[PDB]
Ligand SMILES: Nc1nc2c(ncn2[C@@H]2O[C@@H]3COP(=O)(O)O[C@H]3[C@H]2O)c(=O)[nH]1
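Here's a solo chain for you in structure tokens, the form deposited without the ligand.
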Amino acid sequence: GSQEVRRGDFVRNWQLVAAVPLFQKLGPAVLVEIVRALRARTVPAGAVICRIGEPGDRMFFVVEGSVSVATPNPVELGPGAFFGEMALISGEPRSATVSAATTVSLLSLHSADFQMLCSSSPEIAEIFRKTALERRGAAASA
């Protein structure tokens, strides 16, 4: 039926998640649950992480490898690079195609997980909304 899988990058995933700012105002139990709700997946070279204008409702973090961003310029991200916050912000469309330039490894995180913990904790919803309202208030560019 169902089964479990060990974890070695648990620490790297803890820092990856704990590295997230939107999760900086989160708790340890929430971070632990989030990390435990994270799904580690190996992305081979050529494998696309996310398509263009994806259904903003999932997060992904890079642990090892170099990912690229489909844009008007060659955007490449190294290890420890995270992305998907925007989706967790307002389920916005990626607005670009993310693919692994080589044997990269990242972990996915269904936005449902964040919504579950956000719904579970009112403080997280308040802090999340506050940051979301502040972030939405004015984007960051230039």
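Sequential numbering from 1, following the sequence displayed.
Just so it is clear, the following notes concern the form solved in complex with the ligand, a form of the same protein that is not shown.
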Place the ligand on the shown form using its pose in the deposited complex and a superposition of the nearby C-alphas, then give a one-word verdict, open or blocked, with blocked set at 3+ atoms within 2.4 Å of backbone or C-beta.
blocked
Please pick, from 95, 102, 115, 42, the one residue with any non-hydrogen atom lying within 4.5 angstroms of the ligand in the deposited complex.
95
Only one of 50, 62, 34, 26 comes within 4.5 Å of the ligand in the deposited complex by heavy atoms, so just point that one out.
50
For this chain shown on its own, do 83, 86 and 135 all sit within 4.5 Å of the ligand in the deposited complex, going by heavy atoms?
yes
State yes or no: in the deposited complex, is some non-hydrogen atom of residue 30 no more than 4.5 angstroms from a non-hydrogen atom of the ligand?
no
In the deposited complex, does residue 107 have a heavy atom within 4.5 Å of the ligand?
no
Where, within 40-71, is there a heavy atom within 4.5 Å of the ligand in the deposited complex? Residue list please.
50, 69, 71
